[PDB]
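K.L.:
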Amino acid sequence: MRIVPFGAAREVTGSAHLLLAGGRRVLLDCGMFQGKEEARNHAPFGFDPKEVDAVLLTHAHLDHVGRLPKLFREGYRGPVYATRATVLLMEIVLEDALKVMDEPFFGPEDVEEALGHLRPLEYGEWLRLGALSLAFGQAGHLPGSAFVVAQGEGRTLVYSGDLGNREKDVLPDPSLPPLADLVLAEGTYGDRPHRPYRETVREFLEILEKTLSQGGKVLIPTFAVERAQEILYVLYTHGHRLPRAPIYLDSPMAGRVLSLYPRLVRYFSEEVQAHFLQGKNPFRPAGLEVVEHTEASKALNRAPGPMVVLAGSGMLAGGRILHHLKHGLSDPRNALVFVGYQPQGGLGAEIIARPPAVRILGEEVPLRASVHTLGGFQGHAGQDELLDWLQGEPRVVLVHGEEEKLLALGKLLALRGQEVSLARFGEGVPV
Ligand SMILES: [Zn+2]
Ligand SMILES: [Zn+2]
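FYI, the authors' numbering numbers position 64 of the sequence shown as 64, with every residue one higher than the one before it.
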């Protein structure tokens with residue numbers, strides 16, 4: 001039994017791992033590369049998409065399912081297993097990536113074909129391929145997110161997929177992995193533990209009351225798949241003490257994803273499921289409004305506060321958010337609230353460096369609005385959480401993370417008596 005890293009090696013995008021065991025070929029995730037690696041979605045997989053017997057998807061994020069339609073474009077016709085939640089989100093994620101893509105490396109025919117082979121596989125349901133047994137464990141990272149347990153040939157392998165930040169309230173805690181002979185694990189934040197959740201929420205509420213009370217705007221860059229709805233959830237459960245103000249989810253996609261949540265009630269934490277039981281959707285704070293088109297979106301720029309605005313892209317690469325930033329950053333009464341990791345050298349970091357001005361949409365804009373970074377809303381397990389999850393596991397191969405971050409984590413694993421390496425592209429490892 002061998003596992004061959006075919007992406008996310010010494011990097012964060014491109015998650016795709018081929019499992020060779022029991023005389024079968026099972027692909028674990030099939031994400032696209034993103035950002036600077038984006039061009040590599042055009043390059044070949046490094047394996048034959050026709051010899052694959054079946055593929056398992058840990059979750060709907062584009063960096064785990066984005067190359068799936070390419071797998072089908074190039075021949076594959078096997079089954080694609082994923083939890084109902086991932087299956088349903090996957091549709092919104094792929095359609096969108098298609099419509100919003102410069103150099104598309106697949107077409108509508110491939111998305112359709114790909115979605116056509118999705119088969120529901122919930123947690124604790126065993127899959128049988130040859131003499132190989134595979135099951136999903138709770139990863140608590142996205143509704144329907146899971147880690148993979150592959151047992152066969154007398155051995156056990158565990159692919160973590162992306163592990164969640166167990167401190168937040170929306171998703172159920174990540175389950176412990178079973179004792180395994182080999183663990184393929186992410187290490188996005190292998191270099192440090194994250195800021196505590198409760199304290200980030202309090203701080204968040206402090207920021208809201210202050211700027212909303214003075215008639216200012218609270219601008220929030222958010223990814224549309226799950227971070228946006230988590231913010232609305234915090235806004236919903238604390239709406240009793242926040243000043244009245246319209247909440248604009250200025251993101252069609254975030255909207256489509258949100259409309260889907262009521263159907264995924266069983267995929268949330270007990271806290272969230274208990275709210276739905278009371279008969280009320282905890283992801284729709286009072287005053288919520290999903291903005292569908294550009295005209296109303298831009299009208300928000302010249303309208304006065306108080307208001308809360310959630311918009312993408314989550315890392316200021318593009319999206320309506322730039323238009324809000326452009327027109328709101330120069331007003332001292334407004335506040336910018338980052339609820340996620342800002343890439344090095346990006347407009348995010350540049351703003352945090354707090355210069356006298358910033359360049360947004362071909363224009364220099366005075367930066368007077370207050371700026372706040374709430375690291376606590378982070379969606380991946382931090383270093384300390386990675387350690388606990390990995391406790392007692394004999395061997396560990398690291399993927400999904402920048403080199404230095406995988407190393408810092410590697411160090412601690414090593415000093416703990418655990419054997420570890422940094423998965424290399426194309427180089428398989430013995431389970
Ligand atoms: Zn993810
Ligand atoms: Zn990922």
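Beta carbons: idealized from backbone N, C-alpha and C, even for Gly.
Applying the 10 Å Cβ sphere with the 16-neighbour rule, what's the burial state of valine 100?
P.N.:
For the purposes of this step, residue 100 is identified with residue 100 of the sequence shown, where counting begins at 1. Answer is exposed; the Cβ neighbour count stays below 16.
K.L.:
Are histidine 59 and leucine 184 closer than 8 Å when you measure CB to CB?
P.N.:
Against the sequence shown, residue 59 aligns to sequence position 59. Against the sequence shown, residue 184 aligns to sequence position 184. No, these two residues do not count as a Cβ contact at 8 Å.
K.L.:
Between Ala97, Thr211, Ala274, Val309, which has its C-alpha nearest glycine 287's C-alpha?
P.N.:
What you label residue 287 is simply residue 287 of the sequence shown in a count that begins at 1. The candidate whose alpha carbon is nearest that of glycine 287 is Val309.
K.L.:
Of the residues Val111, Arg84, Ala82, which one's Cα is nearest the Cα of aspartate 96?
P.N.:
Translated into positions along the sequence shown, residue 96 becomes position 96. Among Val111, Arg84, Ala82, the Cα nearest to that of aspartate 96 belongs to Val111.
K.L.:
Is it true that the CB of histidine 400 sits closer than 8 Å to the CB of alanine 8?
P.N.:
Numbered from its first residue, the sequence shown carries residue 8 at position 8. Numbered from its first residue, the sequence shown carries residue 400 at position 400. Result yes, Cβ atoms of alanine 8 and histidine 400 sit closer than 8 Å.
K.L.:
Relative to ligand 2, what is the chain-ordered list of residues with a Cβ closer than 5 Å to any of its non-hydrogen atoms?
P.N.:
Working through the chain, the matches are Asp63, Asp162.
K.L.:
Using 8 Å as the threshold, is the C-beta distance between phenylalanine 204 and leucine 374 below it?
P.N.:
Here residue 204 is taken as the residue at index 204 of the sequence shown, counted from 1. Here residue 374 is taken as the residue at index 374 of the sequence shown, counted from 1. Cβ atoms of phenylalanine 204 and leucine 374: closer than 8 Å.
K.L.:
Is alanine 85 buried or exposed, if buried means 16 or more other CB atoms sit within 10 Å of its CB?
P.N.:
Stepping through the sequence shown from its first residue, residue 85 is reached at position 85. Counting Cβ neighbours within 10 Å, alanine 85 comes out buried, since at least 16 surround it.
K.L.:
So, at 6 Å on beta carbons, what are the nonlocal neighbours of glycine 144 in its own chain, with the 5 sequence-adjacent residues on each side left out?
P.N.:
Position 144 of the sequence shown holds residue 144. Same-chain partners within the cutoff: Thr83, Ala85, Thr86, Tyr267.
K.L.:
Is the beta carbon of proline 221 sitting closer than 8 Å to the one on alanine 311?
P.N.:
Here residue 221 refers to the residue found at position 221 of the sequence shown. Here residue 311 refers to the residue found at position 311 of the sequence shown. Cβ distance < 8 Å, so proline 221 and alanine 311 count as in contact.
K.L.:
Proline 430: buried (16+ other C-beta within 10 angstroms of its C-beta) or exposed?
P.N.:
Within the sequence shown, the letter at position 430 stands for residue 430. By the neighbour-count rule (16 or more Cβ atoms within 10 Å), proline 430 is not buried but exposed.
K.L.:
Buried or exposed: where does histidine 42 fall if 16 or more other Cβ atoms within 10 Å of its Cβ makes it buried?
P.N.:
Working through the sequence shown from its first residue, we reach residue 42 at position 42. With fewer than 16 Cβ atoms within 10 Å of its Cβ, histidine 42 is classed as exposed.
K.L.:
Does ligand 1 have even one heavy atom less than 7 Å from the beta-carbon of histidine 61?
P.N.:
For the purposes of this step, residue 61 is identified with residue 61 of the sequence shown, where counting begins at 1. Indeed, a heavy atom of ligand 1 lies less than 7 Å from the Cβ.
K.L.:
Can you tell which of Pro69, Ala381, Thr188 has the C-alpha that lies nearest to the C-alpha of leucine 406?
P.N.:
Position 406 of the sequence shown, counted from the start, is the residue given in the question as residue 406. The residue with the shortest Cα to Cα distance from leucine 406 is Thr188.
K.L.:
Taking 7 Å as the cut-off, is the beta-carbon of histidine 400 closer than that to any non-hydrogen atom of ligand 1?
P.N.:
Within the sequence shown, the letter at position 400 stands for residue 400. Not under cutoff, so the answer is no.
K.L.:
Can you tell me whether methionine 307 is helix, strand or coil according to DSSP?
P.N.:
Taking the first residue of the sequence shown as position 1, residue 307 is located at position 307. Residue state, collapsed to three classes: strand.
K.L.:
Taking Cβ to Cβ, would you say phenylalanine 283 is nearer than 8 Å to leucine 232?
P.N.:
Counting from 1 along the sequence shown, the entry for residue 283 is found at position 283. Counting from 1 along the sequence shown, the entry for residue 232 is found at position 232. Their beta carbons are under 8 Å apart, which means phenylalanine 283 touches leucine 232 by this criterion.
K.L.:
Write down the C-beta distance between residue 450 and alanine 139 rounded to the nearest angstrom, noting that I regard them as a contact closer than 8 Å.
P.N.:
In this structure the chain extends from 1 to 431, so residue 450 is not present and cannot be described.
K.L.:
In this structure, what does DSSP give as the bridge partners for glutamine 138?
P.N.:
Sequence index remark: in the sequence shown, residue 138 carries index 138 (1-based). Looking at the DSSP assignment, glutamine 138 forms a beta bridge with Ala146.
K.L.:
When the Cα atoms are used, what is the spatial distance from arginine 354 to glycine 348?
P.N.:
Taking the first residue of the sequence shown as position 1, residue 354 is located at position 354. Taking the first residue of the sequence shown as position 1, residue 348 is located at position 348. One C-alpha to the other measures close to 10 Å.
K.L.:
Is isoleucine 351 helix, strand or coil by DSSP?
P.N.:
Here residue 351 is taken as the residue at index 351 of the sequence shown, counted from 1. In the structure shown, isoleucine 351 sits in a helix (DSSP, three-state: H, G or I).
K.L.:
At what residues does the beta strand (DSSP E) containing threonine 373 begin and finish?
P.N.:
The residue given as residue 373 occupies position 373 in the sequence shown. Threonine 373 -> beta strand (DSSP E) spans 370–373.
K.L.:
By the DSSP assignment, the alpha helix (DSSP H) with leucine 412 in it spans what residues?
P.N.:
Position 412 of the sequence shown, counted from the start, is the residue given in the question as residue 412. That run of the alpha helix (DSSP H) goes 403–415.
K.L.:
Can you name the residues that DSSP bridges to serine 421?
P.N.:
Walking along the sequence shown from the start, residue 421 turns up at place 421. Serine 421 pairs with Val397.
K.L.:
Could you give the first and the last residue of the continuous alpha helix (DSSP H) run that contains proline 69?
P.N.:
Position 69 of the sequence shown, counted from the start, is the residue given in the question as residue 69. Looking at the DSSP string, the run of the alpha helix (DSSP H) that includes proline 69 is 68–73.
K.L.:
Give the list of continuous alpha helix (DSSP H) stretches no shorter than 4 residues that lie fully inside the region 271–308.
P.N.:
If we require 4 residues or more, the alpha helix (DSSP H) runs fully inside the region 271–308 come out as 294–302.
K.L.:
Tell me, to the nearest whole angstrom, how far the beta carbon of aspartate 331 is from that of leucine 300; I am working on the premise that it is less than 8 Å.
P.N.:
On the sequence shown, position 331 is the one that residue 331 refers to. On the sequence shown, position 300 is the one that residue 300 refers to. At roughly 13 Å, the Cβ-Cβ gap does not stay under 8 Å, so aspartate 331 and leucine 300 are not in contact.
K.L.:
So what does DSSP say about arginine 266, is it helix, strand or coil?
P.N.:
Counting from one through the sequence shown, the residue named residue 266 turns up at place 266. DSSP places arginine 266 in helix when its eight states are reduced to three.
K.L.:
Taking only three categories from DSSP, how would you classify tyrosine 248?
P.N.:
By 1-based counting over the sequence shown, the position of residue 248 is 248. In the structure shown, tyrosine 248 sits in a strand (DSSP, three-state: E or B).
K.L.:
Can you tell me which of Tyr197, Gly239, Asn334 puts its alpha carbon nearest to the alpha carbon of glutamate 167?
P.N.:
As a first step, residue 167 is located in the sequence shown; it is residue number 167 there, counting from the start. Per the Cα distances, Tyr197.
K.L.:
Quick one: give me the first and last residue of the beta strand (DSSP E) that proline 366 is part of.
P.N.:
Translated into the one-based positions of the sequence shown, residue 366 becomes position 366. Looking at the DSSP string, the run of the beta strand (DSSP E) that includes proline 366 is 364–366.
K.L.:
According to DSSP, is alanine 97 helix, strand or coil?
P.N.:
As a first step, residue 97 must be located in the sequence shown, where it is residue number 97. In the structure shown, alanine 97 sits in a helix (DSSP, three-state: H, G or I).
K.L.:
Check the C-beta distance from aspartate 53 over to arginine 73 and give it rounded, since I have them as a contact under 8 Å.
P.N.:
On the sequence shown, position 53 is the one that residue 53 refers to. On the sequence shown, position 73 is the one that residue 73 refers to. No, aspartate 53 and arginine 73 are not in contact; Cβ-Cβ is about 19 Å, not under 8 Å.
K.L.:
Tell whether a beta-carbon distance below 8 Å holds between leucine 18 and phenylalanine 6.
P.N.:
Indexing the sequence shown from 1 puts residue 18 at position 18. Indexing the sequence shown from 1 puts residue 6 at position 6. Yes, these two residues count as a Cβ contact at 8 Å.
K.L.:
Which residue wins for smallest C-alpha separation from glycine 362, given the options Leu390, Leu322, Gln342, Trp389?
P.N.:
As a first step, residue 362 is located in the sequence shown; it is residue number 362 there, counting from the start. Per the Cα distances, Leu322.
K.L.:
Would you mind reading off the limits of the beta strand (DSSP E) that contains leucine 235?
P.N.:
On the sequence shown, position 235 is the one that residue 235 refers to. Premise fails: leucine 235 lies in the alpha helix (DSSP H), 227–237, not in any beta strand (DSSP E).
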